[PDB]
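The next block is upload03.cif, given as mmCIF, C-alpha atoms and all ligand atoms.
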```cif
data_target
loop_
_atom_site.label_atom_id
_atom_site.label_comp_id
_atom_site.auth_asym_id
_atom_site.auth_seq_id
_atom_site.Cartn_x
_atom_site.Cartn_y
_atom_site.Cartn_z
CA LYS A 1 0.00 0.00 0.00
CA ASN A 2 2.05 2.87 -1.43
CA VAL A 3 0.67 6.40 -1.55
CA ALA A 4 3.44 7.15 -4.11
CA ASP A 5 1.78 4.95 -6.77
CA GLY A 6 -1.27 7.17 -7.07
CA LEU A 7 0.97 10.23 -7.02
CA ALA A 8 2.96 8.88 -9.98
CA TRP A 9 -0.06 7.81 -12.10
CA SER A 10 -1.71 11.16 -11.56
CA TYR A 11 1.48 13.10 -12.31
CA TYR A 12 1.53 11.25 -15.61
CA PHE A 13 -2.10 11.23 -16.71
CA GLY A 14 -2.86 14.70 -15.31
CA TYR A 15 0.26 16.35 -16.68
CA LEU A 16 3.35 14.62 -18.16
CA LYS A 17 1.49 12.44 -20.63
CA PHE A 18 0.51 15.39 -22.69
CA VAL A 19 3.27 17.96 -21.99
CA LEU A 20 6.29 15.69 -22.66
CA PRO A 21 5.55 14.69 -26.29
CA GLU A 22 4.98 18.34 -27.20
CA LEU A 23 7.78 20.00 -25.22
CA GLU A 24 10.36 20.15 -28.02
CA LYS A 25 7.81 21.54 -30.49
CA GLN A 26 6.60 24.17 -27.96
CA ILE A 27 10.19 25.27 -27.36
CA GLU A 28 10.75 25.53 -31.12
CA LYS A 29 7.98 28.17 -31.30
CA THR A 30 10.36 30.77 -29.85
CA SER A 31 12.98 32.11 -32.23
CA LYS A 32 15.50 32.67 -29.47
CA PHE A 33 15.17 28.99 -28.54
CA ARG A 34 15.47 27.86 -32.18
CA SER A 35 18.63 29.97 -32.47
CA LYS A 36 20.19 28.76 -29.21
CA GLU A 37 22.77 25.99 -29.28
CA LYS A 38 23.44 23.86 -26.18
CA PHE A 39 19.72 23.88 -25.39
CA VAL A 40 18.81 20.37 -24.27
CA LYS A 41 15.06 19.96 -24.90
CA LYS A 42 14.24 17.25 -22.31
CA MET A 43 12.23 18.10 -19.19
CA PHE A 44 14.55 17.66 -16.24
CA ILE A 45 12.27 16.55 -13.43
CA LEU A 46 13.81 17.37 -10.04
CA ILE A 47 13.30 14.90 -7.24
CA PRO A 48 14.95 16.15 -4.05
CA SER A 49 15.23 13.28 -1.58
CA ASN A 50 13.73 15.42 1.23
CA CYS A 51 10.61 16.12 -0.88
CA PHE A 52 11.06 19.79 -0.20
CA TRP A 53 11.63 23.16 -1.82
CA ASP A 54 10.72 26.65 -0.64
CA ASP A 55 12.18 28.97 -3.29
CA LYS A 56 13.08 29.72 -6.89
CA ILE A 57 15.85 27.51 -8.19
CA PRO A 58 18.26 30.36 -9.09
CA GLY A 59 20.40 31.35 -6.12
CA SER A 60 18.64 28.82 -3.91
CA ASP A 61 20.39 26.60 -1.37
CA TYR A 62 20.69 24.20 -4.35
CA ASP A 63 22.53 26.82 -6.35
CA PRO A 64 25.31 27.95 -3.94
CA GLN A 65 27.62 29.24 -6.71
CA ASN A 66 24.73 31.10 -8.39
CA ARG A 67 25.26 29.39 -11.72
CA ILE A 68 21.57 28.92 -12.55
CA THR A 69 19.54 31.79 -14.02
CA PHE A 70 15.92 32.01 -15.04
CA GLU A 71 15.82 32.74 -18.75
CA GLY A 72 12.11 32.68 -19.60
CA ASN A 73 9.05 30.54 -20.24
CA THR A 74 8.08 28.24 -23.07
CA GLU A 75 5.08 28.96 -25.28
CA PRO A 76 1.93 27.65 -23.56
CA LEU A 77 0.36 24.39 -24.66
CA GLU A 78 -3.38 24.22 -24.46
CA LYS A 79 -5.15 21.11 -23.30
CA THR A 80 -8.74 20.35 -22.33
CA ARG A 81 -9.33 17.64 -19.78
CA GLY A 82 -12.84 16.53 -18.94
CA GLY A 83 -14.19 18.57 -21.81
CA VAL A 84 -14.76 21.64 -19.69
CA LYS A 85 -11.55 23.08 -18.39
CA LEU A 86 -9.02 24.65 -20.66
CA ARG A 87 -5.60 24.56 -19.14
CA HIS A 88 -2.39 26.22 -20.29
CA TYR A 89 0.88 24.41 -19.60
CA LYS A 90 4.23 26.19 -19.82
CA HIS A 91 7.72 25.59 -18.49
CA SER A 92 10.61 27.54 -17.13
CA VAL A 93 13.82 27.78 -19.16
CA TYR A 94 17.04 28.22 -17.18
CA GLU A 95 20.53 29.19 -18.17
CA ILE A 96 23.27 27.13 -16.60
CA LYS A 97 26.86 28.40 -16.65
CA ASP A 98 29.56 26.21 -18.16
CA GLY A 99 32.73 27.99 -17.07
CA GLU A 100 33.99 30.23 -19.87
CA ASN A 101 32.11 28.20 -22.48
CA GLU A 102 28.70 28.90 -23.96
CA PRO A 103 26.11 28.49 -21.22
CA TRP A 104 23.42 25.84 -21.47
CA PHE A 105 19.66 26.34 -21.65
CA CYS A 106 17.49 23.64 -20.11
CA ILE A 107 14.03 22.90 -18.75
CA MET A 108 13.88 22.18 -15.01
CA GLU A 109 10.85 21.47 -12.76
CA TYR A 110 10.31 20.06 -9.30
CA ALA A 111 8.02 17.00 -9.24
CA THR A 112 5.11 18.70 -7.57
CA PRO A 113 3.51 15.53 -6.15
CA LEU A 114 6.45 15.29 -3.73
CA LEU A 115 4.93 18.24 -1.79
CA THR A 116 2.07 15.95 -0.81
CA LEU A 117 4.62 13.50 0.63
CA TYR A 118 6.25 16.39 2.45
CA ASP A 119 2.92 17.83 3.67
CA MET A 120 1.74 14.42 4.83
CA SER A 121 4.92 13.76 6.81
CA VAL A 122 4.54 17.09 8.69
CA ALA A 123 0.78 17.26 9.17
CA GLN A 124 0.10 13.56 9.65
CA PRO A 125 3.32 11.99 11.01
CA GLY A 126 1.25 9.04 12.23
CA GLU A 127 0.40 8.35 8.58
CA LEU A 128 3.82 8.96 7.12
CA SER A 129 6.96 8.91 9.26
CA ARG A 130 10.13 10.55 8.02
CA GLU A 131 11.56 7.13 7.19
CA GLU A 132 8.37 6.10 5.39
CA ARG A 133 8.55 9.35 3.41
CA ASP A 134 12.14 8.55 2.30
CA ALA A 135 10.88 5.19 1.12
CA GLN A 136 7.86 6.63 -0.73
CA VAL A 137 10.24 8.88 -2.71
CA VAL A 138 11.95 5.75 -4.02
CA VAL A 139 8.63 4.10 -4.79
CA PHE A 140 7.55 7.29 -6.55
CA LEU A 141 10.78 7.37 -8.55
CA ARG A 142 10.60 3.75 -9.70
CA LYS A 143 6.93 3.88 -10.56
CA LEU A 144 7.22 7.11 -12.52
CA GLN A 145 10.17 5.50 -14.38
CA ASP A 146 8.04 2.44 -15.27
CA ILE A 147 5.15 4.61 -16.41
CA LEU A 148 7.21 6.93 -18.58
CA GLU A 149 9.34 4.11 -20.03
CA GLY A 150 6.11 2.38 -21.05
CA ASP A 151 5.06 5.35 -23.15
CA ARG A 152 6.88 5.50 -26.47
CA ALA A 153 5.74 9.10 -27.01
CA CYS A 154 7.64 10.11 -23.84
CA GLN A 155 10.87 8.35 -24.80
CA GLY A 156 13.85 10.73 -24.74
CA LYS A 157 11.70 13.66 -23.59
CA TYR A 158 12.56 13.73 -19.90
CA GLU A 159 15.19 12.92 -17.34
CA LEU A 160 14.51 12.24 -13.67
CA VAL A 161 17.01 13.99 -11.39
CA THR A 162 17.33 12.75 -7.81
CA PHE A 163 19.60 14.58 -5.39
CA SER A 164 20.30 15.24 -1.70
CA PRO A 165 19.67 18.66 -0.16
CA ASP A 166 23.46 18.97 0.23
CA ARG A 167 24.13 18.60 -3.51
CA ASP A 168 24.93 21.45 -5.90
CA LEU A 169 22.18 21.31 -8.53
CA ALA A 170 24.34 23.34 -10.96
CA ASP A 171 27.03 20.64 -10.84
CA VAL A 172 24.43 17.89 -11.15
CA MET A 173 22.78 19.62 -14.10
CA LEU A 174 26.06 20.32 -15.91
CA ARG A 175 26.93 16.61 -15.92
CA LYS A 176 23.48 15.63 -17.08
CA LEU A 177 23.42 18.31 -19.81
CA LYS A 178 26.85 17.19 -21.07
CA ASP A 179 25.72 13.53 -21.11
CA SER A 180 22.48 14.30 -22.96
CA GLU A 181 22.23 13.32 -26.63
CA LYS B 1 -1.85 -1.41 -3.26
CA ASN B 2 -4.60 1.03 -4.18
CA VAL B 3 -3.80 3.80 -6.65
CA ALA B 4 -6.85 5.66 -5.23
CA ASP B 5 -5.05 6.27 -1.91
CA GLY B 6 -2.44 8.51 -3.50
CA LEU B 7 -5.13 10.23 -5.52
CA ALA B 8 -7.10 11.07 -2.37
CA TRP B 9 -4.11 12.35 -0.37
CA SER B 10 -2.93 14.68 -3.15
CA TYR B 11 -6.49 15.92 -3.82
CA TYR B 12 -6.48 16.92 -0.19
CA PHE B 13 -2.99 18.33 0.35
CA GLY B 14 -2.74 19.84 -3.13
CA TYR B 15 -6.20 21.42 -3.13
CA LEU B 16 -9.04 20.71 -0.66
CA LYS B 17 -7.00 21.29 2.50
CA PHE B 18 -6.72 24.96 1.78
CA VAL B 19 -9.82 25.74 -0.34
CA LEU B 20 -12.40 24.11 1.94
CA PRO B 21 -11.78 26.10 5.13
CA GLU B 22 -11.93 29.38 3.21
CA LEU B 23 -14.82 28.66 0.82
CA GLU B 24 -17.64 30.26 2.85
CA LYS B 25 -15.58 33.41 3.43
CA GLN B 26 -14.61 33.60 -0.29
CA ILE B 27 -18.29 33.34 -1.24
CA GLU B 28 -19.18 36.12 1.26
CA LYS B 29 -16.89 38.54 -0.67
CA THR B 30 -19.55 38.86 -3.36
CA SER B 31 -22.57 41.01 -2.47
CA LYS B 32 -24.94 38.99 -4.62
CA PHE B 33 -23.91 35.87 -2.68
CA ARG B 34 -24.28 37.62 0.68
CA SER B 35 -27.77 38.72 -0.39
CA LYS B 36 -28.84 35.28 -1.71
CA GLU B 37 -30.91 32.99 0.48
CA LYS B 38 -30.95 29.22 -0.13
CA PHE B 39 -27.25 29.35 -0.96
CA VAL B 40 -25.71 26.30 0.68
CA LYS B 41 -21.99 27.12 1.19
CA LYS B 42 -20.49 23.59 1.19
CA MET B 43 -18.44 22.31 -1.74
CA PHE B 44 -20.42 19.52 -3.35
CA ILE B 45 -17.77 17.18 -4.70
CA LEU B 46 -19.15 15.06 -7.53
CA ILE B 47 -18.09 11.45 -7.79
CA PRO B 48 -19.71 9.77 -10.80
CA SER B 49 -19.32 5.99 -10.55
CA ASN B 50 -17.96 5.74 -14.12
CA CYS B 51 -15.17 8.25 -13.35
CA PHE B 52 -16.20 10.20 -16.39
CA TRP B 53 -17.52 13.57 -17.57
CA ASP B 54 -17.12 15.31 -20.91
CA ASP B 55 -19.12 18.54 -20.63
CA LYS B 56 -20.39 21.43 -18.53
CA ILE B 57 -22.83 20.30 -15.86
CA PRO B 58 -25.72 22.51 -17.07
CA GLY B 59 -27.82 20.75 -19.70
CA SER B 60 -25.51 17.74 -19.59
CA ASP B 61 -26.67 14.12 -19.67
CA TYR B 62 -26.75 14.48 -15.85
CA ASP B 63 -29.17 17.39 -16.16
CA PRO B 64 -31.89 15.97 -18.46
CA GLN B 65 -34.59 18.44 -17.30
CA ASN B 66 -32.18 21.39 -17.65
CA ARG B 67 -32.64 22.53 -14.06
CA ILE B 68 -28.98 23.39 -13.41
CA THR B 69 -27.60 26.74 -14.60
CA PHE B 70 -24.14 28.24 -14.27
CA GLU B 71 -24.46 31.37 -12.17
CA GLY B 72 -20.88 32.60 -11.83
CA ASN B 73 -17.52 32.07 -10.10
CA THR B 74 -16.39 32.69 -6.54
CA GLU B 75 -13.73 35.29 -5.72
CA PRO B 76 -10.30 33.67 -6.22
CA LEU B 77 -8.27 32.53 -3.22
CA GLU B 78 -4.55 32.93 -3.50
CA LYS B 79 -2.23 30.28 -2.23
CA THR B 80 1.50 29.67 -2.62
CA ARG B 81 2.73 26.11 -2.51
CA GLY B 82 6.43 25.36 -2.57
CA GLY B 83 7.20 29.02 -2.03
CA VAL B 84 7.43 29.66 -5.74
CA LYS B 85 4.12 29.19 -7.43
CA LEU B 86 1.20 31.50 -6.89
CA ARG B 87 -2.03 29.77 -7.61
CA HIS B 88 -5.58 31.15 -7.79
CA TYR B 89 -8.43 28.88 -6.74
CA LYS B 90 -12.03 29.63 -7.62
CA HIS B 91 -15.23 27.65 -7.87
CA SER B 92 -18.34 27.56 -10.00
CA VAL B 93 -21.68 28.60 -8.50
CA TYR B 94 -24.78 26.96 -10.00
CA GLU B 95 -28.46 27.74 -9.74
CA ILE B 96 -30.69 24.72 -9.19
CA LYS B 97 -34.45 24.99 -9.76
CA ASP B 98 -36.81 24.12 -6.92
CA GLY B 99 -40.13 24.04 -8.74
CA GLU B 100 -41.97 27.33 -8.32
CA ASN B 101 -39.96 28.15 -5.18
CA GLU B 102 -36.83 30.27 -4.86
CA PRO B 103 -34.02 28.45 -6.67
CA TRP B 104 -30.95 27.27 -4.83
CA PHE B 105 -27.36 28.39 -5.29
CA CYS B 106 -24.65 25.81 -4.62
CA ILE B 107 -21.03 24.97 -5.33
CA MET B 108 -20.50 21.86 -7.47
CA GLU B 109 -17.23 20.30 -8.77
CA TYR B 110 -16.18 16.98 -10.23
CA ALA B 111 -13.42 15.27 -8.27
CA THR B 112 -10.71 15.69 -10.88
CA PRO B 113 -8.52 12.82 -9.68
CA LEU B 114 -11.17 10.45 -11.06
CA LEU B 115 -10.03 11.34 -14.61
CA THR B 116 -6.76 9.57 -13.87
CA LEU B 117 -8.75 6.43 -12.96
CA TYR B 118 -10.71 6.84 -16.19
CA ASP B 119 -7.61 7.53 -18.32
CA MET B 120 -5.79 4.57 -16.79
CA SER B 121 -8.67 2.17 -17.49
CA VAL B 122 -8.73 3.18 -21.18
CA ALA B 123 -5.01 3.59 -21.89
CA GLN B 124 -3.68 0.82 -19.64
CA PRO B 125 -6.46 -1.77 -19.28
CA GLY B 126 -3.84 -4.27 -18.18
CA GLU B 127 -3.11 -2.01 -15.20
CA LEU B 128 -6.69 -1.15 -14.35
CA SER B 129 -9.62 -3.24 -15.58
CA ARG B 130 -13.12 -1.78 -15.69
CA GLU B 131 -14.03 -3.75 -12.57
CA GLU B 132 -10.82 -2.65 -10.82
CA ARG B 133 -11.68 0.96 -11.68
CA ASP B 134 -15.15 0.52 -10.07
CA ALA B 135 -13.40 -0.71 -6.95
CA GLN B 136 -10.86 2.13 -6.90
CA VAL B 137 -13.74 4.64 -6.94
CA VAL B 138 -14.98 3.13 -3.68
CA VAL B 139 -11.47 3.15 -2.20
CA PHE B 140 -11.07 6.76 -3.31
CA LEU B 141 -14.41 7.68 -1.72
CA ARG B 142 -13.68 6.02 1.62
CA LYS B 143 -10.13 7.34 1.88
CA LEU B 144 -11.12 10.90 0.99
CA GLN B 145 -13.91 10.61 3.64
CA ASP B 146 -11.34 9.49 6.27
CA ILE B 147 -8.95 12.29 5.33
CA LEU B 148 -11.55 15.07 5.34
CA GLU B 149 -13.28 13.79 8.48
CA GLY B 150 -9.91 13.88 10.24
CA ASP B 151 -9.50 17.59 9.56
CA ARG B 152 -11.55 19.71 11.92
CA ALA B 153 -11.07 22.76 9.65
CA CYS B 154 -12.87 20.91 6.82
CA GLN B 155 -15.83 19.83 8.97
CA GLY B 156 -19.16 20.89 7.49
CA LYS B 157 -17.46 22.46 4.45
CA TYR B 158 -18.07 19.74 1.88
CA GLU B 159 -20.32 16.93 0.82
CA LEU B 160 -19.30 13.98 -1.34
CA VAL B 161 -21.90 13.18 -3.98
CA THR B 162 -21.76 9.73 -5.57
CA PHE B 163 -24.11 8.88 -8.43
CA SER B 164 -24.62 6.56 -11.41
CA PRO B 165 -24.44 7.92 -14.96
CA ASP B 166 -28.20 7.25 -15.20
CA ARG B 167 -29.11 9.53 -12.28
CA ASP B 168 -30.59 13.01 -12.55
CA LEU B 169 -28.04 15.25 -10.81
CA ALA B 170 -30.66 18.01 -10.37
CA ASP B 171 -32.84 15.61 -8.31
CA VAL B 172 -29.84 14.36 -6.35
CA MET B 173 -28.66 17.90 -5.62
CA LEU B 174 -32.12 19.10 -4.62
CA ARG B 175 -32.43 16.37 -1.98
CA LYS B 176 -28.96 17.14 -0.64
CA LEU B 177 -29.57 20.92 -0.61
CA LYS B 178 -32.83 20.49 1.32
CA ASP B 179 -31.07 18.18 3.81
CA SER B 180 -28.19 20.60 4.35
CA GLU B 181 -28.08 22.43 7.67
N1 LIG C 1 4.66 25.51 -11.59
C1 LIG C 1 3.30 25.22 -11.63
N2 LIG C 1 2.42 25.98 -12.51
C2 LIG C 1 1.00 25.68 -12.55
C3 LIG C 1 0.49 24.66 -11.73
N3 LIG C 1 -0.86 24.60 -11.97
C4 LIG C 1 -1.15 25.53 -12.87
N4 LIG C 1 -0.05 26.20 -13.25
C5 LIG C 1 0.01 27.17 -14.12
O1 LIG C 1 -0.33 28.54 -13.50
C6 LIG C 1 -1.20 29.10 -14.29
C7 LIG C 1 -2.21 29.91 -13.52
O2 LIG C 1 -2.57 29.16 -12.33
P1 LIG C 1 -3.80 29.66 -11.39
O3 LIG C 1 -3.41 31.03 -10.91
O4 LIG C 1 -4.00 28.79 -10.18
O5 LIG C 1 -5.18 29.83 -12.22
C8 LIG C 1 -5.71 28.66 -12.84
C9 LIG C 1 -6.73 27.84 -11.78
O6 LIG C 1 -7.47 28.76 -10.98
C10 LIG C 1 -7.53 27.13 -12.53
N5 LIG C 1 -7.17 25.74 -12.50
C11 LIG C 1 -5.95 25.20 -12.46
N6 LIG C 1 -6.05 23.87 -12.42
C12 LIG C 1 -7.37 23.53 -12.43
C13 LIG C 1 -8.13 22.22 -12.41
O7 LIG C 1 -7.54 21.15 -12.36
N7 LIG C 1 -9.53 22.24 -12.43
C14 LIG C 1 -10.25 23.50 -12.48
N8 LIG C 1 -11.66 23.52 -12.50
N9 LIG C 1 -9.52 24.75 -12.50
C15 LIG C 1 -8.08 24.73 -12.48
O8 LIG C 1 -7.47 27.74 -13.96
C16 LIG C 1 -6.45 28.96 -13.85
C17 LIG C 1 -5.62 29.04 -15.12
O9 LIG C 1 -5.30 27.69 -15.51
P2 LIG C 1 -4.07 27.45 -16.55
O10 LIG C 1 -4.57 28.02 -17.85
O11 LIG C 1 -3.73 26.01 -16.80
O12 LIG C 1 -2.74 28.29 -16.18
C18 LIG C 1 -1.97 27.83 -15.01
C19 LIG C 1 -1.02 27.00 -15.30
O13 LIG C 1 -0.36 27.36 -16.61
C20 LIG C 1 1.38 23.88 -10.82
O14 LIG C 1 0.92 22.99 -10.12
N10 LIG C 1 2.77 24.18 -10.79
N1 LIG C 2 4.22 21.79 -12.75
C1 LIG C 2 2.88 21.50 -12.98
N2 LIG C 2 2.34 20.26 -12.51
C2 LIG C 2 0.94 19.97 -12.77
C3 LIG C 2 0.13 20.86 -13.45
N3 LIG C 2 -1.12 20.29 -13.53
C4 LIG C 2 -1.07 19.10 -12.93
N4 LIG C 2 0.17 18.90 -12.47
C5 LIG C 2 0.62 17.89 -11.82
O1 LIG C 2 -0.37 16.72 -11.95
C6 LIG C 2 -0.65 16.39 -10.72
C7 LIG C 2 -2.05 15.89 -10.62
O2 LIG C 2 -2.88 16.80 -11.38
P1 LIG C 2 -4.47 16.61 -11.23
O3 LIG C 2 -4.75 15.28 -11.85
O4 LIG C 2 -5.22 17.70 -11.96
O5 LIG C 2 -4.99 16.43 -9.71
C8 LIG C 2 -4.99 17.55 -8.83
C9 LIG C 2 -6.50 18.23 -8.78
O6 LIG C 2 -7.40 17.13 -8.74
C10 LIG C 2 -6.53 18.91 -7.66
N5 LIG C 2 -6.19 20.26 -7.94
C11 LIG C 2 -5.03 20.89 -7.82
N6 LIG C 2 -5.20 22.16 -8.22
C12 LIG C 2 -6.51 22.33 -8.61
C13 LIG C 2 -7.30 23.48 -9.16
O7 LIG C 2 -6.83 24.56 -9.34
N7 LIG C 2 -8.64 23.27 -9.45
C14 LIG C 2 -9.27 22.00 -9.25
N8 LIG C 2 -10.64 21.80 -9.55
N9 LIG C 2 -8.51 20.90 -8.74
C15 LIG C 2 -7.11 21.12 -8.44
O8 LIG C 2 -5.42 18.32 -6.75
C16 LIG C 2 -4.81 17.15 -7.62
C17 LIG C 2 -3.35 17.09 -7.25
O9 LIG C 2 -2.81 18.41 -7.42
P2 LIG C 2 -1.19 18.42 -7.40
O10 LIG C 2 -0.64 18.13 -6.03
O11 LIG C 2 -0.80 19.81 -7.81
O12 LIG C 2 -0.52 17.44 -8.48
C18 LIG C 2 -0.54 17.80 -9.90
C19 LIG C 2 0.59 18.26 -10.30
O13 LIG C 2 1.66 17.51 -9.56
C20 LIG C 2 0.71 22.15 -13.92
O14 LIG C 2 0.03 22.95 -14.51
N10 LIG C 2 2.06 22.43 -13.68
#
```
Starting from the coordinates I provided, produce the structure as structure tokens.
Ligand SMILES: Nc1nc2c(ncn2[C@@H]2O[C@@H]3COP(=O)(O)O[C@H]4[C@@H](O)[C@H](n5cnc6c(=O)[nH]c(N)nc65)O[C@@H]4COP(=O)(O)O[C@H]3[C@H]2O)c(=O)[nH]1
Ligand SMILES: Nc1nc2c(ncn2[C@@H]2O[C@@H]3COP(=O)(O)O[C@H]4[C@@H](O)[C@H](n5cnc6c(=O)[nH]c(N)nc65)O[C@@H]4COP(=O)(O)O[C@H]3[C@H]2O)c(=O)[nH]1
Amino acid sequence: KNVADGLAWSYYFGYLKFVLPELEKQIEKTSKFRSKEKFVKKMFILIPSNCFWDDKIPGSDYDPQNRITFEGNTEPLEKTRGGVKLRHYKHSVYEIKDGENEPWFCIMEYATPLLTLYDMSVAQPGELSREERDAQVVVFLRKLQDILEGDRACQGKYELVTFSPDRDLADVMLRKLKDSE
Amino acid sequence: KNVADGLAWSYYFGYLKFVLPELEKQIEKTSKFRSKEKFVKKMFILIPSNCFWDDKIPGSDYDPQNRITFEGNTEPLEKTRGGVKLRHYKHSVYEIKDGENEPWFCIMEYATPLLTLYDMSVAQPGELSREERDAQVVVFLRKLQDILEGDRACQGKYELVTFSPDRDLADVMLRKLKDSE
């Protein structure tokens, strides 16, 4: 009985399933983004092991060297779920310094369902202990992997990024951007 | 291992936990709503047994006699989750005919996590059969009841409304509005 399973299926069907196949095309709608080299087009989904964040990524405790900068948003994608509610999905583009080289552009986002794990652990510790929360993060990670890997339209469109609150996200992102296709 | 459990906890922590305690007060910000009698202030959360809806409630297959009318929206509530994302929550007010009497106003909303159950059953039948979906609706209902009933701030602020696709929502709502305190 894993609360993370529902969190992963809902993250997919209520969001990723339709934003991931279109992400590259949405990005391509902006001339600046068409012109930019070193712009990896995958959604980097951030999964901090403590299920927590409280600020903008640039200059945050995860960016101690201040190497991450908000660049702008992608062109909104429209989607209608249920038949009644029109929703607009857009993503934040960040610039990540690469020493004296050309800086990278990338798409980064926290996995928002992790806030529920965090909220649960604080408001209902009897339901989710700290150690049970740690474990549900892993369950969440593995299930989301299975779901996304089972969808051919999502192949190559994302990368899950797990890290400890002590890690430097700029360092983590630089390695993942360099290793991207 | 019930996918519905995760769906219910996130529906709560990502939405209901903060909209339900404030709903009556948000409604009271509009003079028309302060002036209106027979305006039950609870959120009526709609849980169709088939996990499905494809249109506006007024005049829908659930409103065969056309007794439900969209009246307007509540004043948005602002909330910041994560520290980074400002969100605006608002709700639809509907008028429901009561014969020759003064019509009711009420707040009605489909439980959006049910779409994930629906989407799963159609896209991944191997993961969720039709009969398994039926069962997850019941699990979802009972878990959401436990969660909401455990939060004193949500007491008296909602009502879960379960119905078959053959039911007349206007009749169902009328009985529940008359039975409200
Ligand atoms: N980083 C981040 N960004 C998010 C998130 N959710 C929405 N956004 C984005 O923020 C924009 C405005 O959010 P809003 O102020 O709450 O204002 C929203 C909200 O009041 C409402 N809304 C949002 N989700 C739902 C839903 O599931 N059902 C219904 N009935 N209304 C919704 O419609 C308004 C506009 O919707 P959108 O066009 O899609 O535009 C959304 C959407 O592009 C999130 O969880 N994380
Ligand atoms: N970055 C980003 N992620 C998105 C966006 N839309 C959906 N997601 C992700 O998909 C998850 C589940 O979306 P949901 O099925 O609509 O299921 C939601 C929905 O049923 C309900 N909910 C949340 N916000 C609203 C709202 O504004 N209006 C209504 N009617 N329901 C809402 O709470 C459920 C869980 O909410 P979450 O914890 O936020 O979890 C969200 C969120 O993690 C988005 O625009 N931007």
As JSON, please: the centre and edge lengths in Å, to one decimal, of an axis-aligned box enclosing every listed atom of ligand LIG 1 (chain C) with 3 Å added on each side.
```
{"center_x": -3.5, "center_y": 26.1, "center_z": -14.0, "size_x": 22.3, "size_y": 15.9, "size_z": 13.7}
```
Shell of 6 Å around stretch 140-149 of chain B, all atoms listed in the file, local chain residues under 2 positions omitted, as a JSON list (two decimals) with C-alpha atoms, in the frame of the given file:
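Below you can see selection-v4.json, which holds the result:
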```json
[["chain", "number", "residue", "atom", "x", "y", "z"],
["B", 4, "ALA", "CA", -6.85, 5.66, -5.23],
["B", 8, "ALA", "CA", -7.10, 11.07, -2.37],
["B", 136, "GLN", "CA", -10.86, 2.13, -6.90],
["B", 137, "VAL", "CA", -13.74, 4.64, -6.94],
["B", 138, "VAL", "CA", -14.98, 3.13, -3.68],
["B", 151, "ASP", "CA", -9.50, 17.59, 9.56]]
```
Margin query: Can you work out which residues are within 6 Å of ligand LIG 2 (chain C), considering only C-alpha atoms and all ligand atoms, and then hand them over as a PyMOL selection string?
Written below: (chain A and resi 10-11+14-15+89+112-113) or (chain B and resi 10-11+14-15+89+112-113)
Contact check, chain A to ligand LIG 1 (chain C), at most 8 Å, counting only C-alpha atoms and all ligand atoms, closest pairs as a Markdown table:
```
| residue | atom | partner | partner_atom | distance |
| --- | --- | --- | --- | --- |
| A:76 | CA | C:LIG1 | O13 | 7.3 |
| A:78 | CA | C:LIG1 | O10 | 7.7 |
| A:85 | CA | C:LIG1 | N8 | 5.9 |
| A:86 | CA | C:LIG1 | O10 | 6.2 |
| A:87 | CA | C:LIG1 | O11 | 3.3 |
| A:88 | CA | C:LIG1 | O10 | 3.7 |
| A:89 | CA | C:LIG1 | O13 | 4.4 |
| A:90 | CA | C:LIG1 | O13 | 5.7 |
| A:91 | CA | C:LIG1 | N1 | 7.5 |
| A:109 | CA | C:LIG1 | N1 | 7.5 |
| A:112 | CA | C:LIG1 | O14 | 6.5 |
```
Next item on the list: Residues of chain A no more than 7 Å from chain B, counting all atoms listed in the file: send them over as a ChimeraX atom specification.
Entry: /A:1-7,10,13-14,53-56,82-84,116,119
Notebook entry, point to check: So which residues touch residue A:73 within 12 Å, counting all atoms listed in the file, skipping near sequence neighbours fewer than 2 positions away, as a VMD selection string?
Noted result: chain A and resid 23 26 to 27 29 to 30 32 to 33 70 to 71 75 to 77 89 to 95 105 to 109
How about completing stretch 133-137 of chain B with N, CA, C and O atoms and giving it to me as a PDB file, in the frame of the given file?
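What follows is the written file out.pdb:
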```
ATOM      1  N   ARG B 133     -11.399  -0.469 -11.754  1.00  0.00           N
ATOM      2  CA  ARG B 133     -11.680   0.960 -11.680  1.00  0.00           C
ATOM      3  C   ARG B 133     -12.871   1.226 -10.766  1.00  0.00           C
ATOM      4  O   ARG B 133     -12.805   2.113  -9.936  1.00  0.00           O
ATOM      5  N   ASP B 134     -13.938   0.435 -10.912  1.00  0.00           N
ATOM      6  CA  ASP B 134     -15.150   0.520 -10.070  1.00  0.00           C
ATOM      7  C   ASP B 134     -14.745   0.426  -8.607  1.00  0.00           C
ATOM      8  O   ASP B 134     -15.251   1.150  -7.753  1.00  0.00           O
ATOM      9  N   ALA B 135     -13.853  -0.508  -8.317  1.00  0.00           N
ATOM     10  CA  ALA B 135     -13.400  -0.710  -6.950  1.00  0.00           C
ATOM     11  C   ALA B 135     -12.540   0.448  -6.452  1.00  0.00           C
ATOM     12  O   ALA B 135     -12.625   0.819  -5.282  1.00  0.00           O
ATOM     13  N   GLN B 136     -11.711   1.021  -7.324  1.00  0.00           N
ATOM     14  CA  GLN B 136     -10.860   2.130  -6.900  1.00  0.00           C
ATOM     15  C   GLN B 136     -11.690   3.389  -6.601  1.00  0.00           C
ATOM     16  O   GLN B 136     -11.279   4.230  -5.798  1.00  0.00           O
ATOM     17  N   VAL B 137     -12.838   3.536  -7.265  1.00  0.00           N
ATOM     18  CA  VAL B 137     -13.740   4.640  -6.940  1.00  0.00           C
ATOM     19  C   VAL B 137     -14.209   4.542  -5.494  1.00  0.00           C
ATOM     20  O   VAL B 137     -14.281   5.545  -4.797  1.00  0.00           O
TER      21      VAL B 137
END
```
